[PDB]
Structures are given as structure tokens and as C-alpha cells.
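No value in this document is a laboratory result; all are computed from the given coordinates. When we count neighbours, we look across all protein chains shown, and the Cβ atoms used for this are built from the backbone with ideal geometry, even at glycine.
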Amino acid sequence: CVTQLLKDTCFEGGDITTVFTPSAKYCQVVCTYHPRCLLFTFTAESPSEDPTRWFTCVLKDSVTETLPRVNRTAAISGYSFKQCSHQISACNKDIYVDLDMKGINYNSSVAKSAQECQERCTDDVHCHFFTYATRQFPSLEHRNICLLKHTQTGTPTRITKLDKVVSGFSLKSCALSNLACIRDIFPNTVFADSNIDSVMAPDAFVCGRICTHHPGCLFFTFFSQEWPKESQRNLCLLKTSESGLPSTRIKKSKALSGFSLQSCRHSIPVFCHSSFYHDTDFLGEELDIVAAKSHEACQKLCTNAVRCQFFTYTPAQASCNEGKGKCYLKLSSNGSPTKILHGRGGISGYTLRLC
Amino acid sequence: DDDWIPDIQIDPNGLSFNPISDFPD
Ligand SMILES: *[C@@H]1O[C@H](CO)[C@@H](O)[C@H](O)[C@H]1NC(C)=O
Ligand SMILES: *[C@H]1O[C@H](CO)[C@@H](O)[C@H](O)[C@H]1NC(C)=O
């Protein structure tokens, strides 16, 4: 697979969304972990482009898993690592000089060095990236200030070039900490704080692993398959709060809440969910309908199809049917089913692309 | 065990904060 970047290359029409990363290599990393990104075109700083268009990192997707390559000045393009057998760490220990990475500034303190600012961002529950003013900054009001920042996506909204100031990334992803990701588990409890996203999960331990990898989730609430309201069954509510803790614990049955251990054991085990869910149909956008022998073959079909996020093998069972059954390869936007269905005789699972 | 009304309305949006200004040039 391709890990080397394509210099002065611009991919054309796969735009999923556009986010701002320091470099093209980080643009790749963001692409790699995006549920749908296959390709990217990064716009490096050059006089041929207007400053606002700098550090543009465009996440792309294509049914054909590739896109037209046009040549263009100061454009670095490349491919995701979804298929690749080599791995990356997603940990940006680099500190970027003369770079203002912008987001929602929520903290503004003082720090001896950028490394003290970094350690603050790393240890702060909400911090995604930081910007630190060196001692030589024009404004004496701002000298030696540490701005803790967070964004919806975990990546900056806009990056500009500002002299005598350094930006960097939280190093929560650099920890090891084999320890339980779900940490505090609150059975027969619903939380009720800002819901920032929602996905459909088969069990409550997928729910937790998602919250741990989600940029802005600190605690969660999972409604089970036996939860009263059908629309809410298997609903994984990702929540956050200004404190970082829940506010109120409402004791309702058939719902399980919990706490993310943000830096636990979670580079790629939510991606290594090699579990098979029997009598379970992961709904989504249909990508193909291939035929195969086992669900273990269906899985290998989903892993090798780079656009496949999850699968449902509908087993044929040779009671009176053929031995070969149907392998629905599927996808969605979040990377999770749009609805989990119980009782329709399918064996479901998750792609092993990033495992 | 006595009554369940659906009074948890899933609502996706962000966490608020106190505004802090950027560096000027
Ligand atoms: C760059 O332009 C096109 C892609 O737009 C490419 O096919 C061609 O080989 C390149 N041209 C040169 C001379 O490098
Ligand atoms: C940052 O400073 C703010 C304002 O005093 C304070 O509320 C917050 O606890 C501080 N956080 C860190 C990690 O320095």
C-alpha cells in the first residue's frame, strides 16, 4: 500500500468534509481514522495560494477507492492506512513553531515553557491542542501564556502563522495504561448532560470503546435491546460536561451508563472487535451483496473491501437451501450501524481494516 | 415498575464555555 505522499498532487471530487491539520502527514492520520476517508489533498503554505487556504486538509471518499490526480502547486495528496499491515501511532509529539492552531479557547494560564503548556493539555480532560507564547512575544499581556483549546472534531478549525508562538497537540493518545477503558460502570442508570453525538451499538462495551476514541466524549449512556422505547434501543449516547463529570444520575432500568478512561488501552481495539453477533443485523448503507460460505468469510470480505465498515452474513444453513449464503457488505457515516435488528437470523460483525 | 414516560430527548450539540480571545499579530 501507499504510505509515501504525492507531491504537487490534487485529488478532485471526493469531499466528505474539510478540516485543518498542521502537516499533510497529520492529514493522513486524520484520514486514516476517519470512518469513511480513503484519500486526502493537503494544501501547504505557498505564495500561489491565499493564506486562508493553507493547511486545508480535505478528506475524500470514492466508490472506486481512487480519484483523478491533477497536478497543482503546493498540494500534497495521499492515501489512508486503512488497508495497510504496518501501523502508525496517531500521537503527534511534534511541536509546531509559528503556528496558531485555532479552536474554542477554554483555559488561559501561564507556563514556563511550551512543554509545560503541553503537559497541561495532555492532563486536561477537554484539551485537544494548545498554543503557547514564547517569552519573546510582542504583547507583554500575552507573554508566556498557555491557551488550552478544544474543537468538535479534535482538529483545529483554522491554522494561521503567528511569529514567536508555538502550537502542539495533547498527548493523551501517547499513554499506554492497559487498564479498563470503561472505568466506572453505572448499572441501571441514565446520565443526562450534553449529548454531543449518538451511535448504535450492539452491547454496552462497544458503547464505551467508542466514547474512549471519540474526540469529545467523557461519559456515556447505553440503552439496551430490552429498553422500553424501540427507537432508543441500542442507542449509545455520547455525552460531555464542563466539569468532566456527570451532573445527575437518574436511576432507570434497562440502561447502563459509564465513564470513559480516555487514555486506557484504546489505539485500535474498538477497531479489533472481532466478535460475531448472531441473530443480529447491522443495518447500514449497502455496499455489495457477495456470496460466501461462512460469516468468517464475510468478515474477510469486509476487511479486504476498504470501503466496508461492517457486515451481515445471512446464513443459508443447508436445511433445505444451498450451502453458500449472502454476505452483505455495509457502511455508514459514523462507522457504526444505523439500526441494530435482533431476531432476523443474521451474523453481524465489524470490519478488521484497522486491526 | 409503576410508570415510564419517554422524558429523555436525545439532543446532539456542544459544551458551552467562557470566551477567550486570541493573539493579535
Ligand atoms: C502533472 O500534470 C498531470 C496531472 O495533472 C500529469 O499527468 C503530468 O504527468 C504532470 N506533468 C508534468 C510534466 O510533470
Ligand atoms: C486554567 O485556568 C483557569 C482559569 O483560572 C482555571 O479555571 C483552570 O482550572 C485552569 N486549568 C489548568 C489545567 O490550568
Of all residues in segment A:118-132 being in contact with a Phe, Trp or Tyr (Cβ under 9 Å, 6 or more places away or on another chain) and free of Cβ contacts under 8 Å to residues at least 40 places away in the same chain, the one that is nearest to A:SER170 (Cα to Cα): A:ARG120
All strands (runs of 3 or more DSSP E) inside segment A:218-273 with 2 or more residues being among the hydrophobic types (A, V, I, L, M, F, W, C) and touching a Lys or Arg at 6+ places or on another chain (Cβ under 9 Å): A:219-223
Residue check, A:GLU65 out of contact with any helix residue (DSSP H, G or I) (no Cβ under 9 Å at 6 or more places or on another chain), within 16 Å of ligand 2 (Cβ to nearest atom) and acidic (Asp, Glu): no
Counted residues, segment A:127-169 - those being touching a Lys or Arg at 6+ places or on another chain (Cβ under 7 Å), within 11 Å of chain B (Cβ to nearest Cβ) and of a type in the set (D, E, K, R): 2
Residue pairs meeting the criteria (Cβ under 8 Å; at least 6 apart or on separate chains; first at positive phi, in segment A:66-77; second away from ligand 1 (no atom under 11 Å from the Cβ) and of a type in the set (A, V, I, L, M)): A:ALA74/A:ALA44
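Residues checked against (1) more than 12 Å from ligand 2 (Cβ to nearest atom); (2) outside any loop (DSSP other than H, G, I, E, B); (3) touching a strand residue (DSSP E or B) at 6+ places or on another chain (Cβ under 6 Å):
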{"residue": "A:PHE137", "(1), (2), (3)": "yes, no, no"}
{"residue": "A:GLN152", "(1), (2), (3)": "yes, no, no"}
{"residue": "A:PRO156", "(1), (2), (3)": "yes, no, yes"}
{"residue": "A:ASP163", "(1), (2), (3)": "yes, no, no"}
{"residue": "A:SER167", "(1), (2), (3)": "yes, yes, yes"}
Subset of segment A:175-210 (residues that are among the β-branched types (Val, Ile, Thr), part of a strand (DSSP E or B), within 14 Å of chain B (Cβ to nearest Cβ) and touching a residue at least 60 places away in the same chain (Cβ under 8 Å)): A:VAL190, A:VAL199
